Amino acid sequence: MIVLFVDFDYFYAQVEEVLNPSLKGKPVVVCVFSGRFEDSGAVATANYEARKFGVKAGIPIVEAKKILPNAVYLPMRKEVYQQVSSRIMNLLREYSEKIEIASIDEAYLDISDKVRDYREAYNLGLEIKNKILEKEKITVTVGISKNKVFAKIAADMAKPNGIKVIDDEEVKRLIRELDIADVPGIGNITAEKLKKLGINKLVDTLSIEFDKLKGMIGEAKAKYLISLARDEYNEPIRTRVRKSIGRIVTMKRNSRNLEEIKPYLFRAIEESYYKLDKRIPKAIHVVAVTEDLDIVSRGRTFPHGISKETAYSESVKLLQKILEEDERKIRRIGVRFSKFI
C-alpha cells in the first residue's frame, strides 16, 4: 500500500491571505474571540511569520498581542475556510477514489493503484501541490509512505510547503530512532506514561511485557504502538463518517442558574441541528465546561430519532442532572448529537 497524505499549511491564516493578498509577509493571527472581555479567547492559528515569535495555536489572544502587538488579528471565519477546504478535497478526488478526509485540512489518498513505486508517487505528489497552488493558490505539504501513520509523519517532517517520502528502510530506521512522542495518537498524558517506562522509541514497545504496557496506557494504544513497532500497521484509507455533531458555546458569565443557562443551551441546539443537515440523531448529550475547566457530560440514547422538540425538553433534564451531580459554576455550555439513523 502506498499512501499519500496532504496537509494544508497554516490553513486558516493562509486562506485569509488568499482573500487579502496584502497580508502576505505580515504575521497573521486567526482568533476565536470568546466575548467576555476585549481580546478574550484563543488563537486558532497563525502563519509562520507570527509563529516564528511564539504566537501559535492555543495561546490566549492577550499573550499573542504582548508578543506581536502589531500583527494582524482576524476573527475566525470557519464557513469560509470550510468551503475552500471542500474545493481542495474535490481536486484530490481526481487522483484517487480511495480517499480519507481526516479533517478540514487533512486527507489521505490510497494511491496503490495509481503508481508503482515511491518515485512515481513523489511526482504525483508534485502534480498535486501544483494543481492546488494553481486552482486555489494554497500551498500544502505532502507526505508519502507505506501507511497512514508514516505518511503523516513524513508530512510533519517536511512542512511547510514541502514533500517527503519515507521508504521501507527509513521506516525501520524511525522505529528505533523516532521519538515516540512524535507518533500520531500519542499525547502528553500518554507520552508521560511511556517515559515512566523508559519507552522512548517504538521498538522499546517490543521488549516490554505487554500486560505491563497495556495496564499503563490501555489495550488499544498498546496494540497500536506495538503493531507499528512490528512494522505491521496498515489501516485502510476509508471514507470518514462524522459519528457526532454538536456545538458548545461560552457564556458571558459563569453560573449554575438553570434559567440563565437555558438561552445558551437552546442557542447551541439551533446551531447544532442546522449542522445536522438531514441527519436524525438517536442520542444526545449536554456538555458543560465548569469554572475550573473540568468537563461534565450527561446524555441519553432514545429508541428512535430525536425531534428538535424532544432535544429541547430532554436537554434540560440532562442539564439539571449535571447541575445536581456537580456543585461547580458553569463557564461554557453546549450540546452534542450522535447515533444517526
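Residue positions are given as counts along the sequence shown, with the first one as 1. In this text, rigid core is short for the largest set of C-alphas that superpose within 1.5 Å between two forms.
Rigid core superposition in 8 other deposited structures of this protein puts the Cα atoms of one stretch, out of 145 to 153 and 190 to 198, farther from the shown form on average, and that stretch is 190 to 198. Taken in 8 other deposited structures of this protein and fitted on the core, 40 to 48 and 285 to 293 differ in how far their Cα atoms move from the shown form, and the one that moves more is 285 to 293. Checked against the record, the higher mean CA B factor of 309 to 317 and 25 to 33 lies with 309 to 317. On average the C-alpha atoms of 188 to 196 have higher B-factors than those of the other stretch, with 188 to 196 and 221 to 229 being the two compared. Per the deposited coordinates, the residue with the largest Cα temperature factor out of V80, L133, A107, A121 is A121. When the C-alpha B-factors of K148, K129, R173, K159 are ranked from the entry, the top spot goes to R173. The deposited CA B-factor of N90 belongs to the lowest third of values across its chain. In this PDB entry, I333 carries a Cα temperature factor that places it within the middle third of its chain's modelled residues.
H304 sits in the highest third of its chain by CA B factor, as recorded in the PDB entry. When the modelled residues of the chain are ordered by C-alpha B-factor, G143 sits in the lowest third. Among the modelled residues of its chain, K65 has a C-alpha B-factor that falls in the middle third, as given in the PDB entry.
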